[PDB]
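Engineer: part one of the complex, untouched from its place in the assembly:
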Amino acid sequence: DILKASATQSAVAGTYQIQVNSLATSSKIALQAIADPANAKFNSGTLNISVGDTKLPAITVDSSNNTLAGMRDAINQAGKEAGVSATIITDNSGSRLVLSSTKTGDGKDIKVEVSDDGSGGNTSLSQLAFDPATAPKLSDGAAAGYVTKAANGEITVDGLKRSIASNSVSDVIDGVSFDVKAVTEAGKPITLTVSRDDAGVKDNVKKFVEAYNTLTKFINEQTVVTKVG
């Protein structure tokens, strides 16, 4: 329904009390704001962006891309594989790059390491650096910060805790898959009913209801048909 939708493979019948304590989240960060973005040019250098283990192709910054829209274009094309996208948000501090990842789980935060040549433009390339270990939650101001931290969610099944790296999990209960969509209220768990029993093999009874009777009409009674003309 509104908290969890589930499905089954080949499992067993049963009932389960389930809580959702948190959802798995992905990473979304905001870099430092650039004053006067219409005339700002980044020094030449290299951008190394990673999300946990996974690394993006190193982005080389030159005069073909040392603008905000230039990095936006670069980042969006350097991250199509890993699911890292980018856009621009213009606030009272200036304009800034906003990067999002589609990867949920602990440790999948977006990191930006910067090699700055110290020359190439009017503003530093180093101010695009982002370290998930030190970065604060984003608040108003030109300073950088994360919007969401990548993290695991948590559910409980009949009292047993399960940290989840995605909101689509399988075999927490063997043969059962469900998509966790919202947190349950404190102490108010969902009852999950797995019925191995549908007496709807009476549907399969419709086979020999059809298979017999359908093959009594067009065969063995209407195989040869007559009428005047």
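Structural biologist: Now that the structure is in, tell me what you want to look at. Residues are numbered from 1 along each chain as shown, chains lettered A, B, ... in the order given.

Engineer: Was I right to think residue A:6 contacts residue A:191?
Structural biologist: No. Residue A:6 sits out of contact with residue A:191 when judged by CB atoms under 8 Å, with a separation of 11.7 Å. (Each C-beta comes from the backbone N, C-alpha and C, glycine too.)

Engineer: Please enumerate the shared neighbours of these two.
Structural biologist: Among the neighbours of residue A:6, none is also in contact with residue A:191 (CB atoms under 8 Å, 6 or more residues apart in numbering).

Engineer: So the two - more neighbours on which side?
Structural biologist: residue A:6 (16 against 8; other CB atoms under 10 Å).

Engineer: Can you name the helix or strand that the residue lying closest to the more buried one once chain neighbours are set aside falls in?
Structural biologist: With CB to CB, 6 or more residues apart in numbering as the criterion, residue A:6 has its nearest non-adjacent residue at 3.6 Å, and that residue is residue A:178. Element membership for residue A:178, per DSSP states H and E: strand A:176-180.

Engineer: got the contact list for the residue nearest the centre of chain A?
Structural biologist: The residue lying closest to the centre of chain A (CA atoms, centre = their mean) is residue A:102, at 4.0 Å. Applying CB under 8 Å, 6+ apart to residue A:102 gives the contacts A:26, A:83.

Engineer: cutoff 10 Å now
Structural biologist: Going by CB atoms under 10 Å, 6 or more residues apart in numbering, residue A:102 touches A:26-28, A:51, A:79, A:82-85, A:108.

Engineer: Neighbour count for these - can I get that in TSV?
Structural biologist: Converted to TSV, the contacts of residue A:102 look like this (neighbours: other CB atoms under 10 Å):
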residue	neighbour count
A:26	20
A:27	26
A:28	19
A:51	24
A:79	23
A:82	20
A:83	14
A:84	22
A:85	16
A:108	26
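
Engineer: Extend the structure above with chain B:
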Amino acid sequence: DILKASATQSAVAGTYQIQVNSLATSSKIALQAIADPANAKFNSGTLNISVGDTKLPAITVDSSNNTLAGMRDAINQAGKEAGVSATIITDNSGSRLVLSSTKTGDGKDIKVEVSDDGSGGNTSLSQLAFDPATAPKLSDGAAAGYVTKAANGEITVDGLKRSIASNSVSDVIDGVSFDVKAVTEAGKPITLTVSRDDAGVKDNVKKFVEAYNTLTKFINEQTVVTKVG
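Structural biologist: Okay, here's chain B dropped in alongside the others:
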């Protein structure tokens, strides 16, 4: 349709021009009219009634049944086997016994043989005799006569004549049965078309497309079902 209704076992395709020249008929006769039937009682004796091959139980006429209605009741139960029934018809000549048979075909005429003791009542028992070899077609008057002659019918199939002993005939054309219901007009023959496979076998084949497809959901997709609360 209105002249002939047909049926099939398993035969072959083909077309046939059919004429119906006559129908098979059964026997129906009327015995002598009895003057003053309201006070008439028959002499003692025996009635032997037959229709062709078949003979009816010998009927003994005594003082428990020597009336017209008495003979009617006897014959009705002396003839349940062969399909001989009886009734009384009251005309300007009196009342008389009217006997019917359900056997169609040549020679299946109803015959009545009478041995009369010559005493037992006021009317002769002998005047209930009926010989189909001599009896005329019934006309007005006290005299006896047949109403219908038992006879074979006749059809032609593509020019070939078939005498039929019943209006329900089979295997005149191999594997085909039809009930002849009426005569065709002179020179206006019926076309009879025997069709084997149309939509064959694809009409009944649409079953096992479903019976198959139906065993995708309620089996192997609804074998185990989930629900939340």
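
Engineer: what do you get for the contacts of residue A:102 once chain B is counted?
Structural biologist: A:26-28, A:51, A:79, A:82-85, A:108 (CB atoms under 10 Å, 6 or more residues apart in numbering or on different chains).

Engineer: In strands, which of those fall?
Structural biologist: A:26-28, A:51, A:84-85 (DSSP state E).

Engineer: remind me, longest strand of chain A?
Structural biologist: strand A:94-104.

Engineer: buried set for it?
Structural biologist: Going by neighbour count (16 or more other CB atoms under 10 Å in any protein chain shown), the buried part of strand A:94-104 is A:94-101, A:103-104.

Engineer: between those residues, which is closest to chain B?
Structural biologist: residue A:104 (22.0 Å; CB to the nearest CB).

Engineer: Do I have it right that that closest one meets residue A:152?
Structural biologist: Yes. Counting by CB atoms under 10 Å, residue A:104 does reach residue A:152; the two are 7.8 Å apart.

Engineer: Pretty sure residue A:192 is one of the things residue A:177 touches, is it not?
Structural biologist: No. Contact between residue A:177 and residue A:192 fails when scored by CB under 10 Å: they sit 11.8 Å apart.

Engineer: shared neighbours of these two, which are they?
Structural biologist: With CB under 10 Å, 6+ apart as the test, residue A:177 and residue A:192 both reach A:6, B:226.

Engineer: Report the distance from stretch A:147-159 to the chain centre.
Structural biologist: 14 Å (CA atoms, centre = their mean, to the nearest Å).

Engineer: Pull up the distance across that stretch, start to finish.
Structural biologist: 32 Å (CA to CA, to the nearest Å).

Engineer: Buried residues in it, which are they?
Structural biologist: Residues of stretch A:147-159 classed as buried by neighbour count (16+ other CB under 10 Å): A:148-157.

Engineer: Tabulate those in JSON lines, adding columns for distance to chain B and secondary structure.
Structural biologist: JSON lines is the format used below for the buried residues of stretch A:147-159 (distance: CB to the nearest CB, whole Å; DSSP: H, G, I helix; E, B strand; the rest coil):
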{"residue": "A:148", "distance to chain B": "27", "secondary structure": "strand"}
{"residue": "A:149", "distance to chain B": "29", "secondary structure": "coil"}
{"residue": "A:150", "distance to chain B": "28", "secondary structure": "coil"}
{"residue": "A:151", "distance to chain B": "25", "secondary structure": "strand"}
{"residue": "A:152", "distance to chain B": "22", "secondary structure": "coil"}
{"residue": "A:153", "distance to chain B": "17", "secondary structure": "strand"}
{"residue": "A:154", "distance to chain B": "18", "secondary structure": "strand"}
{"residue": "A:155", "distance to chain B": "13", "secondary structure": "strand"}
{"residue": "A:156", "distance to chain B": "15", "secondary structure": "strand"}
{"residue": "A:157", "distance to chain B": "13", "secondary structure": "strand"}
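
Engineer: one more, chain C:
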Amino acid sequence: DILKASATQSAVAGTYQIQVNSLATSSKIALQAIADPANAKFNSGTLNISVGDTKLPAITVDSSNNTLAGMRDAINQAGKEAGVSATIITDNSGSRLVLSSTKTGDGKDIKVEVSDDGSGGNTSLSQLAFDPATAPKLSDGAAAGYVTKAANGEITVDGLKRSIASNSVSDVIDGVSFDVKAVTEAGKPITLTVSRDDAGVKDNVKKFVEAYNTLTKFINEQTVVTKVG
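Structural biologist: Putting chain C together with the chains above:
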């Protein structure tokens, strides 16, 4: 319509006055009637059945098939190739074999040649012979005869006669096929009109007005969609 249904490839515009004088027919014959078919068994020998060019497999008559129904079963499977089928018809003369062909045209008559060993049963095998060159049209009696003669049909197009070997003909008029279904009345010819472009090409052109216009919304107006909550 009811006399002729027509079709087109790609041809030219034009109008044609058409008469149908006759239809193409296939062969259908009836062999000699066999007296007392219920106890009749055929002498040993061979049946060679042909329809024009095409010859059927030589049929060997032995003690496994030397009955009428035995010949019926053989022919039905000895003739699946050429479209020769067989049945039995029971008339006042007895039972006889009735053979049909599906090949329309002149000379496609069914022929039966018989070599009779002169022994093997109670009836001659030779009386199943049929020579279309000598055989009369079937009439009542035990004698053999044809029911329909295989023959070409005839049509006229604007006065020009075309003999047709089938009632499904093509390219009598270039690019036009029609299935002739019935004869036209004497002096009442059908008008046949071949129309190339009406609403051309503007009927199907209304598609690419939409396919174009349809690719305004869901593409380039619904490429990116917004929503609030």
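
Engineer: ok chain C is loaded, check the contacts of residue A:102 again?
Structural biologist: Contacts of residue A:102 (CB under 10 Å, 6+ apart): A:26-28, A:51, A:79, A:82-85, A:108.

Engineer: One more: residue A:123?
Structural biologist: Shown in contact with residue A:123 (CB under 10 Å, 6+ apart): A:32, A:34-37, A:39-43, A:66.

Engineer: Counting by contacts, list what the helix or strand following the longest strand of chain A packs against.
Structural biologist: Once the chain leaves strand A:94-104, the next helix or strand it forms, by DSSP H and E, is strand A:110-116. Taking 3 or more CB pairs under 10 Å, 6 or more residues apart in numbering or on different chains; DSSP states H and E as contact, the helices and strands that strand A:110-116 lies on are strand A:26-30, strand A:45-51, strand A:59-61, strand A:94-104.

Engineer: Mind putting those into TSV with distance to residue A:125?
Structural biologist: Formatted as TSV, the helices and strands packed on strand A:110-116 follow (distance: least, CB to CB, whole Å):
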stretch	distance to residue A:125
strand A:26-30	17
strand A:45-51	4
strand A:59-61	6
strand A:94-104	12
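
Engineer: start to end distance for stretch A:113-131?
Structural biologist: In stretch A:113-131, first residue to last residue: 8 Å (CA to CA).

Engineer: residues of that stretch that come out buried?
Structural biologist: By 16+ other CB under 10 Å, the buried positions in stretch A:113-131 come out as A:114-116, A:120-121, A:123-125, A:127-130.

Engineer: Using PDB, write down the CA coordinates of the helix ranked longest in chain A.
Structural biologist: Taking DSSP state H as the criterion, chain A has its longest helix at helix A:205-217. Extracted in PDB, the C-alpha atoms of helix A:205-217 (Å, rounded to 0.1, in the frame of the first residue of the first chain):
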ATOM      1  CA  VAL A 205      -9.400 -26.400 -13.600                       C
ATOM      2  CA  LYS A 206     -10.700 -24.100 -16.300                       C
ATOM      3  CA  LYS A 207      -8.200 -25.800 -18.600                       C
ATOM      4  CA  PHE A 208      -9.900 -29.200 -18.600                       C
ATOM      5  CA  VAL A 209     -13.100 -27.200 -18.400                       C
ATOM      6  CA  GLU A 210     -12.100 -25.600 -21.700                       C
ATOM      7  CA  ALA A 211      -9.600 -28.200 -23.000                       C
ATOM      8  CA  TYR A 212     -12.300 -30.900 -22.600                       C
ATOM      9  CA  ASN A 213     -15.400 -29.000 -23.500                       C
ATOM     10  CA  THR A 214     -13.800 -26.700 -26.100                       C
ATOM     11  CA  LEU A 215     -12.600 -29.900 -27.800                       C
ATOM     12  CA  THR A 216     -16.100 -31.400 -27.600                       C
ATOM     13  CA  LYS A 217     -17.600 -28.700 -29.800                       C
END
